Amino acid sequence: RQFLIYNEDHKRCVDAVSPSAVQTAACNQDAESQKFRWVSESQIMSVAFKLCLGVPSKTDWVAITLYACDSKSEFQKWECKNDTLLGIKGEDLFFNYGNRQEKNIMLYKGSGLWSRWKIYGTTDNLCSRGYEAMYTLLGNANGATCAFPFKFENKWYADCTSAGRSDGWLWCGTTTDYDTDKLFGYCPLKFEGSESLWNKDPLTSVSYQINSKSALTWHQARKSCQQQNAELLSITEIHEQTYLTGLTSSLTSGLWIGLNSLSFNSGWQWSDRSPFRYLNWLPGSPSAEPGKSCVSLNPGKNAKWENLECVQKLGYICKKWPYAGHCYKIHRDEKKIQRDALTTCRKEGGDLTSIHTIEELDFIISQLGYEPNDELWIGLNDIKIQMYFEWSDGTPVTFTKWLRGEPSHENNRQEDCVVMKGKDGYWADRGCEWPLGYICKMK
Ligand SMILES: [Ca+2]
């Protein structure tokens, strides 16, 4: 994530000589004085000096030297324009070198070959290696992001470090002055022992990271799992939900899971695109309140799920007619209830239709004769195991497309069968004792 600043024309890299002298030198990957890194969306810091590149004013031909890193300073913000060009944010003044025998980097109005810089060893501009906020693990910062650079025992560190430790674990300070604030966390990076944070289910080889100490938003939490090559927890099996109930049996604070309702066109879904085929809501949830689109697993309430406003700060859990060999047919003439429609499809040699891909769903709606005012049965049901939807034909449930607000599966309404209704062909659950069309499927 650290880079050298290279000027292709000169064949020279930027070199930090002193906090008040930023110049150039023969490129050297091992010369720490030449290494830099993005520490914010707009700040470029020196790795050797832990100081940020800036200017005294946004005026033509001033000296670019190192400054104390300041997230509020308009004079330390850089941005890429017209690809390689590197200029001060908000002005047509650029990172220049070479004019008028000046060995120091200068902010110049020209946009020639001496104002364009690439990441040494690549053909990309500096912005290609942009800053990625790093959410801490464990620690006492409640999941806050690393702050670079930070001061620890009167030394400045530009990256995660194991200083003050013998176990090689990498950590960082979430504030600039760690020695004073004492707020820290471990870095979401690889290091001998990093897997200690993950619980590996011996049944399915799936890994889970339980971050009960952090306090992040739903969207922040998801990025934490993502930056660890993972995603928010998805629960698609009873034995899975139970396992997490065991791991969190001793906790009490709610934990973000991947269950959200953020696609305003569809219903409940998992952030990792897992099929929403298992329900385990808390009494009173999902609530009728419109702002609550994100779901939390509450280990203090039997590990059941509740939906809350996505900005609430909580802990989180990471996780790490023929078509395609079948023949489909719609029945609208004589309408039947679910169990009767099921018998008919089985007498006709098949079963109630199962849907496993968007391609299969797109086929049913566009070809089989579907009309946007339809409401037809499908094989998705939870008659056998309440709250566990399976396909009537016994095939795996790998796909779900719920209508906005579905599956409601309200407490005492026995909504155990699923129908395909609406203009978009999405699904919904309802009582099984109602006459409706149905869709059969066979080989
Ligand atoms: Ca319903």
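Residues numbered from 1 in each chain as written, not as in the entry; some residues may be left out. Heavy atoms only, no water.

- For this coordinate set, the PDB header names X-ray crystallography as the determination method and states a resolution of 3.200 Å.

- Looking at the PDB entry, the chain carries the name Macrophage mannose receptor 1, with the source organism given as Homo sapiens.
- In the PDB, the title recorded for this entry is "Crystal structure of the CysR-CTLD2 fragment of human MR at acidic pH".

A closer look at the packing of aromatic side chains
Part 1 of the reasoning: Under the definition given, this model contains 28 aromatic pairs.
Part 2 of the reasoning: Residues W61 and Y108 carry aromatic rings whose centres are separated by 5.6 Å and whose planes lie at 85 degrees to one another, so their mutual orientation is edge-to-face. Taken together, the positions of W61 in the loop between β6 (52–54) and β7 (62–63) and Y108 in strand β12 (residues 106–108) put the pair 47 residues apart, joining distant regions of the chain.
Part 3 of the reasoning: A residue is classified by how much of its surface remains accessible, and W61, at 23% relative accessible area, is partly exposed.
Part 4 of the reasoning: A ring pair is formed by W78 and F95, whose centres lie 5.6 Å apart and whose planes are at 70 degrees; its orientation type is edge-to-face. Of the two residues, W78 is situated in strand β9 (residues 78–81) and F95 in strand β11 (residues 94–96); the sequence distance between them amounts to 17 residues. (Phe/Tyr/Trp six-rings, centres within 6.5 Å; stacked < 30°, edge-to-face > 60°. Helix = DSSP H or I, 4+ residues; strand = E, 2+ residues; numbered from the N terminus. Buried < 20%, exposed > 50% of the residue type's maximum accessible area, 1.4 Å probe, protein only.)

Remarks on the pairing of strand β31 (residues 417–421)
On any regular strand, side chains alternate: one points to one face of the sheet, the next to the other face.
Part 1 of the reasoning: Extensive coverage of β31 is indicated by the burial of four of its five residues.
Part 2 of the reasoning: Across five bridges, the pairing between strand β29 (residues 375–381) and β31 is antiparallel. Bridging across to β31, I378 finds its partner in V418.
Part 3 of the reasoning: Between β31 and strand β32 (residues 427–430), which pair antiparallel one after the other, the connecting turn spans five residues, and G422 there sits at a positive phi close to 95 degrees. (Pairing = 2+ DSSP bridges.)

Quick word on the layout of surface pockets
Part 1 of the reasoning: Reported here for the largest pocket is a volume of approximately 620 Å³.
Part 2 of the reasoning: Looking at the largest pocket, it is lined by 29 residues, and the ones nearest its centre are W281, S285, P286, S287 and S408.
Part 3 of the reasoning: Among the residues forming the lining of the largest pocket, the class breakdown is 11 nonpolar, 12 polar and six charged.
Part 4 of the reasoning: Domain assignment of the residues forming the lining of the largest pocket places at least three in each of domain 2 (194–320) and domain 3 (322–442).
Part 5 of the reasoning: When its volume is computed, the second largest pocket comes out at roughly 280 Å³.
Part 6 of the reasoning: Along the wall of the second largest pocket there are 15 residues; nearest its centre are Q269, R273, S274, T400 and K401.
Part 7 of the reasoning: Of the residues assigned to the lining of the second largest pocket, the class counts are six nonpolar, seven polar and two charged.
Part 8 of the reasoning: Mapping the lining of the second largest pocket onto the domain boundaries places at least three of its residues in each of domain 2 (194–320) and domain 3 (322–442). (1 Å grid on protein atoms, 1.4 Å probe; cavity = no way out; pocket = protein on both sides within 12 Å on 5 of 7 lines; lining within 4 Å. Points joined across faces, edges and corners; volume = space filled by probe spheres on them. Nonpolar A, V, L, I, M, F, W, Y, C, P; charged D, E, K, R; others polar. Domains from an automatic or database assignment.)

Some remarks on the state of the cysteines
Part 1 of the reasoning: For the structure on display, the rule yields nine disulfides.
Part 2 of the reasoning: In this model, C80 is linked to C127 through a disulfide, with the two sulfur atoms separated by 2.0 Å. When the S-S torsion is 100 degrees, as for the bridge of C80 with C127, the disulfide is right-handed. Here the residue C80 occupies a position in strand β9, and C127 occupies one in the loop between β13 (118–119) and β14 (150–152), the gap between them amounting to 47 residues.
Part 3 of the reasoning: The class for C80 is partly exposed, based on a relative accessible area of 23%.
Part 4 of the reasoning: Here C146 is linked by a disulfide to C172, with a sulfur-sulfur distance of 2.0 Å. The S-S bond linking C146 to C172 shows a torsion near -90 degrees; that makes this disulfide left-handed. Of this pair, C146 sits in the loop between β13 and β14 while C172 sits in strand β16 (residues 171–173), and the two are 26 residues apart along the sequence.
Part 5 of the reasoning: Free of any disulfide, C327 has its nearest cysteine sulfur in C440, 12 Å distant. (Disulfide = S-S within 2.5 Å.)

Regarding unusual backbone geometry
Part 1 of the reasoning: Each neighbour pair has its own omega, and for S285 with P286 the value is 0 degrees, a cis peptide bond.
Part 2 of the reasoning: Mapped onto the fold, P286 is located in the loop between β22 (269–270) and β23 (294–298).
Part 3 of the reasoning: The omega torsion across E406 and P407 is 0 degrees, close enough to zero to call that bond cis.
Part 4 of the reasoning: If you trace the backbone, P407 turns up in the loop between β30 (390–391) and β31.
Part 5 of the reasoning: You will see that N229, though not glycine, has its phi angle at about 55 degrees, which is positive.
Part 6 of the reasoning: Along the chain, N229 falls in the loop between α2 (218–226) and β20 (231–232).
Part 7 of the reasoning: By relative accessible area, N229 is classed as exposed at 68%.

Some details on the domain arrangement of the chain
Part 1 of the reasoning: The domain architecture assigned to the chain consists of domain 1 (3–129), domain 2 (194–320) and domain 3 (322–442).
Part 2 of the reasoning: Summarising the inter-unit geometry, the C-alpha centres of domain 1 and domain 2 are found 43 Å apart.

Comments concerning the nonpolar core
Among soluble globular proteins, nonpolar side chains are generally buried collectively.
Part 1 of the reasoning: In this structure, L259, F276, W305, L380, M420 and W427 are the most contacted members of the largest nonpolar core, which totals 44 residues.
Part 2 of the reasoning: Elements supplying a minimum of two residues to this core: β19 (207–216), β21 (255–260), β23, β27 (326–336), α5 (358–366), β29, β31 and β32.
Part 3 of the reasoning: Domain assignment of the residues forming this core places at least three in each of domain 2 (194–320) and domain 3 (322–442).
Part 4 of the reasoning: Excluding residues that lie within four positions of it along the chain, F276 makes contacts with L259, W268, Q269, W270, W281, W305, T400, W402 and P407.
Part 5 of the reasoning: By size, the runner-up hydrophobic cluster in this structure holds 37 residues, among which are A163, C187, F191 and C318. (Core = buried A, V, L, I, M, F, W, Y, C linked by side-chain atoms within 4.5 Å. Contact = heavy atoms within 4.5 Å.)

Some details on the coordination of the calcium ion
Ideal values for angles at a metal depend on the geometry: 109.5 degrees with four tetrahedral donors, 90 or 180 degrees with six octahedral donors.
Part 1 of the reasoning: At the metal site, the calcium ion is ligated by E406 (OE), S408 (OG), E415 (OE), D429 (O) and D429 (OD), and these contacts range over 2.4 to 2.8 Å.
Part 2 of the reasoning: Of note, the calcium ion draws all its donor residues from one chain, in the sequence arrangement E-x1-S-x6-E-x13-D. Linking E406 in the loop between β30 and β31 with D429 in strand β32, this pair joins segments that are 23 residues apart in sequence.
Part 3 of the reasoning: A relative accessible area of 16% places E406 in the buried class.
Part 4 of the reasoning: Classification of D429 by relative accessible area gives buried; the value is 4%. (Donors = N, O, S within 2.8 Å, 3.2 Å for Na, K, Ca; no water.)

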